[PDB]
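**Q** Protein chains in written order, with the deposited numbering: chain 1b, 1 to 83; chain 1N, 1 to 347; chain 1A, 1 to 115; chain 1H, 1 to 318; chain 1X, 1 to 171; chain 1J, 1 to 175; chain 1D, 28 to 73; chain 1Z, 49 to 144; chain 1e, 1 to 99; chain 1K, 1 to 98. We put the beta carbon where it would ideally sit given N, CA and C, even for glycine.
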Amino acid sequence: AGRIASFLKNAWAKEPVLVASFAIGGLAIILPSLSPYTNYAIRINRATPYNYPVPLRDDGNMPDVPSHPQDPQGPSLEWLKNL
Amino acid sequence: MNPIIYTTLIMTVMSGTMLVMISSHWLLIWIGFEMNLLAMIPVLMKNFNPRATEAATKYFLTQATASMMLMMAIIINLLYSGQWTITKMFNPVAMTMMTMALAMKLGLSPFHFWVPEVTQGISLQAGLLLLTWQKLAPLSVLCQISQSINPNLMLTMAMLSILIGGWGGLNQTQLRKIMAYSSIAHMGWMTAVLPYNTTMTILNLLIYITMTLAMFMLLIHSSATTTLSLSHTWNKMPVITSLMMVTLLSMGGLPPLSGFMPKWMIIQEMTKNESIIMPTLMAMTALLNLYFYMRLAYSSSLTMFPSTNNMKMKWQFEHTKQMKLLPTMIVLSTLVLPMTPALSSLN
Amino acid sequence: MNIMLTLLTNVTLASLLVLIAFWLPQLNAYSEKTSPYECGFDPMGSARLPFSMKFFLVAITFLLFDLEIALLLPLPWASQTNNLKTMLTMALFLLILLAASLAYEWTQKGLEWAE
Amino acid sequence: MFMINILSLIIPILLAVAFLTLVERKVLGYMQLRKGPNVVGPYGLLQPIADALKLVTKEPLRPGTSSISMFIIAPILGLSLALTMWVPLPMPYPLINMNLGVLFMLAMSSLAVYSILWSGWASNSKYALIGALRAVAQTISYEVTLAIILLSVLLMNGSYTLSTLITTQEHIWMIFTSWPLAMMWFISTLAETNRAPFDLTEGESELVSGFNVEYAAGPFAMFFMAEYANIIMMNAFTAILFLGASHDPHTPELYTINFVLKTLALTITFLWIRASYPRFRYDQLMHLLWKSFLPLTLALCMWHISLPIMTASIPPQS
Amino acid sequence: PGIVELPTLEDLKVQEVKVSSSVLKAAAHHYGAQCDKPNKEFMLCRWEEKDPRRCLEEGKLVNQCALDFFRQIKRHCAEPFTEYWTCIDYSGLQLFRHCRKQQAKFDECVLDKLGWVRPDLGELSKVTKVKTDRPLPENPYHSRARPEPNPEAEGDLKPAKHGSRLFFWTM
Amino acid sequence: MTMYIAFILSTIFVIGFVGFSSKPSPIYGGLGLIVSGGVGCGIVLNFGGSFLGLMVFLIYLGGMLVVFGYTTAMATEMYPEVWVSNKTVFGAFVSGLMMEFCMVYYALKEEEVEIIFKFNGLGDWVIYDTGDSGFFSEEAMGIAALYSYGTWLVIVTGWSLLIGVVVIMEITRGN
Amino acid sequence: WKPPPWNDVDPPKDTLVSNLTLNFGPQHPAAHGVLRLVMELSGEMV
Amino acid sequence: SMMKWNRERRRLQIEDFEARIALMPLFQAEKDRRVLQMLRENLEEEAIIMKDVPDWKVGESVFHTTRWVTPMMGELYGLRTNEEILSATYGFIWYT
Amino acid sequence: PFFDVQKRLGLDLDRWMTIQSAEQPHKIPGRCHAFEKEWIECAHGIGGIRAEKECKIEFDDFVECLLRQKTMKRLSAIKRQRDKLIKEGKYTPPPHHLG
Amino acid sequence: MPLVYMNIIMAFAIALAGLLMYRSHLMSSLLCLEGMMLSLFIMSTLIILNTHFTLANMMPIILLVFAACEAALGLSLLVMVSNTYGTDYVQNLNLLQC
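(1) Give, in chain order, every unbroken run of the alpha helix (DSSP H) that is at least 4 residues long and sits entirely within the region 199-271 of chain 1H.
(2) Determine whether the beta carbon atoms of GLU38 (chain 1e) and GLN20 (chain 1e) lie at a separation below 8 Å.
(3) Could you give the C-beta distance for residue 358 (chain 1H) and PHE211 (chain 1H), rounded to a whole number, given that I count them as a contact under 8 Å?
(4) In whole angstroms, give me the CA-to-CA distance for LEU326 (chain 1N) and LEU218 (chain 1N).
(5) For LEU155 (chain 1N) versus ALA192 (chain 1N), is the C-beta distance shorter than 8 Å?
(6) Take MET183 (chain 1H) as the anchor and find which of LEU111 (chain 1H), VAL260 (chain 1H), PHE242 (chain 1H) has the nearest alpha-carbon.
(7) Which residues bound the alpha helix (DSSP H) around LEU165 (chain 1H)?
(8) If you measure from the beta carbon of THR45 (chain 1K) to each beta carbon in chain 1N, is any gap under 8 Å?
(9) Helix, strand or coil for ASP129 (chain 1J)? Go by DSSP, reduced to three states.
(10) List the endpoints of the continuous beta strand (DSSP E) containing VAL65 (chain 1D).
(11) Compute the beta-carbon to beta-carbon distance between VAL39 (chain 1J) and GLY16 (chain 1J), rounded to the nearest angstrom, for a pair I have assumed lies under 8 Å.
(12) Using only alpha-carbon positions, find the residue among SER163 (chain 1H), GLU24 (chain 1H), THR84 (chain 1H), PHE220 (chain 1H) that is nearest to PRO60 (chain 1H).
(13) Here's the rule I'm using: 16 or more other beta-carbon atoms within 10 Å means buried, otherwise exposed. How should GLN97 (chain 1K) be labelled?
(14) Note down, in chain order, each residue of its chain lying with its Cβ closer than 8 Å to the Cβ of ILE13 (chain 1H), except the 5 sequence neighbours on either side.
(15) What does the Cβ neighbour count give for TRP179 (chain 1H), buried or exposed, with the cut at 16 atoms within 10 Å?
(16) Within 10 angstroms of the Cβ of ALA103 (chain 1A), are there 16 or more other Cβ atoms? Answer buried if so, exposed if not.
(17) Would a C-beta distance cut-off of 8 Å place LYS126 (chain 1X) and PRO53 (chain 1b) closer than the cut-off?
(18) On the DSSP bridge list, what partners appear for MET120 (chain 1Z)?
(19) Let's see if you can read the secondary structure: which residues bound the beta strand (DSSP E) around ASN50 (chain 1D)?
(20) Helix, strand or coil, according to DSSP, for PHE96 (chain 1X) in the structure here?
(21) Taking buried to mean at least 16 other C-beta atoms within 10 Å of its own C-beta, is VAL331 (chain 1N) buried or exposed?
(22) If you draw a straight line from the alpha carbon of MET304 (chain 1N) to that of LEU130 (chain 1N), how long is it in whole angstroms?
(23) Is residue 354 (chain 1N) helix, strand or coil when you go by DSSP?
(24) By DSSP, does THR85 (chain 1N) sit in helix, in strand, or in coil?
(25) Taking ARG62 (chain 1H) as the query, report the chain 1A residues whose CB atoms sit under 7 Å from its CB, ordered along the chain.
(26) By the 9 Å beta-carbon criterion, what residues does the region 62-77 of chain 1A contribute toward chain 1K?
(27) Give the DSSP-derived three-state secondary structure of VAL104 (chain 1J) in the structure shown.
(28) Less than 8 Å separating the beta-carbons of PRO25 (chain 1e) and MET55 (chain 1J)?
(29) With a threshold of 16 other CB atoms inside 10 Å of the CB of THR328 (chain 1N), please say whether the residue is buried or exposed.
So this is what it looks like as structure tokens:
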């Protein structure tokens with residue numbers, strides 16, 4: 001308070017446009033790191049398929065890779081369907 | 001100019017040069033060139049006289065022409081090769097075009113009339129900066145691409161720089177003009193040694209950089225711009241003129257002073273490359289540089305000139321500007337010859 | 001196919017309207033009729049001499065400001081990448097540098113017009 | 001019949017521009033307790049045709065100090081671009097379904113200033129050159145914010161194609177998401193169209209007629225064509241951007257009616273503000289933006305840059 | 001200099017499945033579910049061999065399986081598929097969004113007539129493993145022999161013989 | 001015919017270049033560069049690039065408007081010149097136009113001109129590539145990678161623009 | 028070729044100002060039609 | 049509201065893209081067959097057209113390598129009619 | 001680079017854009033990715049002076065793929081001879097070549 | 001080595017010739033410089049669009065970026081020559097000759 005509160009109030013009095021712009025800018029800078037949905041956004045961008053999932057040669061070992069799109073093993077995006 | 005603004009502009013010039021000397025992408029090297037050009041003009045315009053405006057203009061439009069030409073070369077190289085890497089030019093036209101595109105930046109070819117003009121118009125400190133720092137970047141680019149130069153073009157460029165610089169320096173009494181012509185001659189020397197061994201080019205560039213630094217800061221500390229004003233320094237302050245003449249003898253390259261070591265080593269290199277007429281030609285025509293060096297030395301220290309009575313007050317008051325690194329600069333400017341083989345450190 | 005056919009239609013319609021405007025009305029012209037208009041009395045004589053523009057600094061920095069929007073405009077496609085952290089940092093870097101440029105101009109007279 | 005579509009996007013637009021003058025002189029006059037044009041036929045429905053006939057039969061004098069070539073090429077430029085910028089509008093289905101409609105319209109709007117520029121310079125007048133320079137300053141200042149606001153608003157669209165805006169505002173008007181920018185955007189549409197309270201390029205009180213001062217009869221009517229077509233197109237673009245409307249794929253006529261009504265309302269607000277304010281003073285309309293509009297719109301640009309990321313709401317590009 | 005070998009017109013004489021893009025889009029998910037093996041084998045051949053002049057037989061077999069799928073859908077669920085693909089074809093962008101009721105009819109028809117279920121969101125975009133029996137192309141790029149690497153630099157370092165050996169400088 | 005399109009647009013590009021390279025009044029030079037930039041945007045459009053052409057359009061119109069605004073303010077004269085007024089500008093225009101005429105003449109018949117570079121002028125449709133962009137325009141993903149890949153370019157460009165404003169301030173300070 | 032000035036500044040040249048002077052006068056709606064305001068102004072600042 | 053609608057649009061785009069993925073192999077097979085057939089047609093035409101020529105051994109490759117090159121669109125439609133080249137090259141760029 | 005600070009710090013600033021075969025966005029291949037990859041993998045560490053003599057036909061194929069007129073000259077002369085001899089009736093195009 | 005490249009290169013050549021020859025003014029030379037820049041942009045864009053060098057499409061944008069910066073600096077130089085000279089012509093710019 002004191003000097004800082006008086007300066008904030010005087011800036012709100014004299015130049016409200018600058019106060020609003022600085023507040024919006026600071027909010028838009030510091031919120032995105034804190035918000036948890038940011039990671040979700042990245043995953044959504046990873047979920048969207050633009051190129052074909054080119055199949056790899058099944059020389060045996062790999063269990064995780066599905067042998068058919070309907071097969072359960074492999075990445076799933078039920079989270080996006082729910083969210 | 002606000003001192004912080006000047007500091008930022010100098011940092012931007014240095015950052016552009018560094019970007020030129022550290023980037024592999026051609027576009028980034030051009031970006032460094034552009035930042036250097038952009039930040040250089042206000043440094044010249046610092047004093048804000050019509051001379052400064054004239055010189056800053058003539059600097060600008062020449063550099064802009066050279067940089068656009070450099071883009072034409074880069075784009076042709078990309079079209080004919082598909083590479084942005086600074087390795088070598090895969091189209092002969094592109095490189096035989098960039099050779100002069102990178103030449104007007106150095107100011108050695110008939111693309112040199114801008115150099116004395118800008119040097120004289122702008123202040124002495126910015127003149128030091130222009131003649132010392134503004135030559136590492138294009139020379140670095142030339143060093144990187146030296147593997148695929150047309151030797152005839154580069155050697156002709158070097159010869160013309162040496163000849164016209166030495167001759168033009170004979171007919172000016174203003175210190176800025178004859179230093180510009182001396183810089184042209186040294187550009188010719190380094191560019192002549194460029195195609196064979198770039199290490200000798202780096203060594204000559206370093207010697208020229210330190211020695212021109214010493215010369216220019218001696219000029220600033222003497223506060224002289226014309227021959228008569230410099231001659232008048234003997235009454236006020238004789239040690240400046242005493243160091244002046246030694247540094248001028250180094251300018252001419254008279255051994256055992258430091259200035260010989262490049263002129264020597266360069267001659268040793270190209271004669272190994274079966275080039276004999278060229279080294280002899282340069283060795284003889286450096287005497288034109290030497291002539292006005294001795295003319296300047298004669299009317300600075302070797303013959304005391306008519307002074308001015310008001311200097312009785314000038315002797316009464318000492319200097320205030322420190323001129324940092326000057327005493328070291330003189331030492332590397334005159335006696336580093338016995339440590340000549342240390343040039344292997346550059347290699 | 002479509003875009004230049006359009007453009008041609010507009011330009012020929014405009015040139016036509018100009019033609020009917022300029023050939024039909026049966027003009028009668030004399031020297032004092034085409035004399036320059038200067039609120040009645042004859043002009044002092046100029047209309048091409050240098051006209052000072054005090055926002056010359058503002059006018060030129062408009063060029064840099066409008067230039068930056070070229071860097072700015074790829075954002076609608078830049079948001080749809082897999083590296084949202086770097087994209088966000090770089091977009092905020094551009095916007096913060098534009099804010100700094102505008103603030104530097106504002107404080108160091110800049111946007112204020114010359115007198 | 002592509003020619004049929006092109007003619008159907010020109011003649012109706014010109015007729016709408018003609019009746020814009022009548023609705024302006026009536027709405028304005030009713031603001032000022034007057035009645036507006038009332039004599040020609042019923043309710044003045046023939047005034048646009050009457051003065052249209054006059055302006056193309058009145059003598060089109062050419063000043064002795066003019067530059068003939070640009071003096072003629074400027075009206076053609078103005079009308080051609082004003083008519084061309086109507087083609088990418090997503091009126092149910094856009095005539096020219098361009099992938100970069102917003103950028104195209106920005107480019108042609110920026111080009112339209114060159115008509116004013118060349119007309120003002122070629123006329124060889126003090127007032128005309130003054131108006132040309134005021135136009136220079138006004139359009140540069142307002143173009144910066146035009147571009148930034150368009151980017152900020154379209155960040156939620158996902159691309160620059162105009163048709164997807166209809167898909168974007170499927171459940172809610174975009175104005176409920178970017179009402180601050182919208183305000184600024186509206187003001188910009190007032191200034192780029194060179195209308196009140198920023199109509200300083202003409203400046204009837206102080207510049208007699210501005211850049212139209214030596215423009216008589218047909219070329220003057222043509223510059224007026226360009227101005228009013230730009231007014232209606234700008235209001236249409238604002239309606240498309242913020243005030244979206246329902247679009248039944250089987251009956252596009254519903255979206256046509258809704259879009260036309262929204263454009264009409266926005267234009268009526270244009271005439272409304274034209275008859276309710278004093279006029280700005282040059283530098284003020286610059287100092288309004290470079291010191292109040294530009295910082296706020298930069299901050300909103302950062303906000304709308306971050307907003308999809310913090311809420312995982314990045315719109316698709318296809 | 002060489003031969004641009006091209007298989008003669010007889011090999012690429014496939015039956016040439018003929019359905020419009022809207023019809024293809026209508027049956028997209030079910031086709032991808034119940035025809036994944038030929039598509040996947042053909043594409044792995046295409047990506048590995050990197051030569052469409054070589055995997056033509058897989059291009060035949062994928063078309064054969066697609067025609068079999070369309071013949072089955074013709075035989076069992078003609079009417080709902082016809083209405084669904086017509087309603088898809090009406091849209092300019094061919095969006096599934098507007099056509100959901102017809103999609104439901106088609107899905108239930110193929111579920112209780114051919115034992116099919118539509119893949120869930122993202123199921124049709126997972127990398128699959130194919131059990132193809134062709135060998136792995138040893139040189140898919142037909143690269144020539146690589147130049148031998150430069151002789152490697154190795155060995156202990158001793159002081160330079162007689163110092164710098166640069167003029168009179170002995171040390 | 002619509003066969004070439006790019007050829008004719010390139011000729012208009014060169015003609016616009018001749019217009020402002022002949023040193024006319026700066027307003028007329030601006031107009032010439034305007035038509036050249038418009039037809040160049042047309043060429044870039046016809047060569048499978050949309051964003052780049054419109055960017056040239058917008059940026060160059062901004063720059064040329066500011067050039068006009070300065071021209072009638074600072075770089076004007078009581079007697080502005082035309083492409084036909086002075087004999088020097090007329091000579092430059094004539095030289096450029098007849099030159100490009102004979103270059104395209106030697107080009108489109110022989111179609112094997114050596115000048116500087118070997119120019120086999122069959123048709124610009126030939127060099128096009130049969131490709132598939134899927135559901136993303138290549139140029140859009142290309143210039144959209146600036147914020148994801150080219151972070152160093154972001155930094156250097158922003159720094160250059162800020163210091164460009166600084167120098168535009170310092171140069172125009174005038175004591 | 029007289030030598031450059033000792034202070035390295037050329038003397039400030041003579042006046043080169045060409046300020047506009049228009050007739051903000053008759054027939055102008057603001058000037059009431061019967062005024063003749065001759066204003067010596069630089070651009071917009073009178 | 050915009051958040052929810054944009055998330056739904058993302059899901060719809062994912063569905064459409066996966067449909068395109070499911071359909072792409074048929075398009076690839078048909079496209080490679082069409083380009084091979086066109087190259088065969090051009091080679092047969094070149095055989096007749098290059099007969100009295102001094103030395104124009106037909107079906108000769110330019111690249112010294114044997115790996116196939118995505119044929120340029122000129123050598124895929126050189127002998128085709130005017131509408132074919134206009135629609136093939138300036139087809140997507142001109143469709144508005 | 002003259003003073004290659006990038007390898008010293010292990011930081012990428014411009015190497016991502018140097019070549020066409022680098023990791024492009026969304027794995028979009030270059031027009032001549034295969035030729036550039038072969039040429040680059042050919043002359044790597046071998047030396048920039050040995051590259052011209054050793055990896056020659058690789059670079060020749062790459063530069064052709066870039067510009068393509070040992071192929072387009074072929075096409076130009078094919079079309080020239082076709083239009084020549086068709087004029088006086090030696091050859092008529094087959095129906096599939098005009099519709 | 002295809003045809004459109006010839007026209008853009010030739011346009012750049014005439015713009016280089018025009019820059020290297022002055023007649024009266026300073027604005028005209030600057031316009032010729034930006035024309036050189038335009039030719040460079042069109043050429044580079046053609047090259048990278050043709051080669052599908054997707055990561056390199058930012059290069060013309062950076063070209064224009066520094067293009068506008070140089071144009072701005074040059075016209076500020078012209079502002080100062082006008083302020084100290086009244087006009088912008090170059091033949092009267094001779095004070096540095098001696």
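**A** Taking the geometry as given:
(1) 218-241
(2) no
(3) Because residue 358 (chain 1H) is not part of the residues shown, which for chain 1H are 1 to 318, the question remains open.
(4) 8 Å
(5) yes
(6) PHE242 (chain 1H)
(7) 163-168
(8) no
(9) strand
(10) 64-68
(11) 7 Å
(12) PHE220 (chain 1H)
(13) exposed
(14) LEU83, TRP86, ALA229, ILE232
(15) exposed
(16) exposed
(17) yes
(18) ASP129 (chain 1J)
(19) 47-51
(20) coil
(21) exposed
(22) 32 Å
(23) There is simply no residue 354 (chain 1N) to check, as chain 1N begins at 1 and stops at 347 in what is shown.
(24) strand
(25) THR34
(26) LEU63, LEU64, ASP66, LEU67, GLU68, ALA70, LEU71, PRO74
(27) helix
(28) no
(29) exposed
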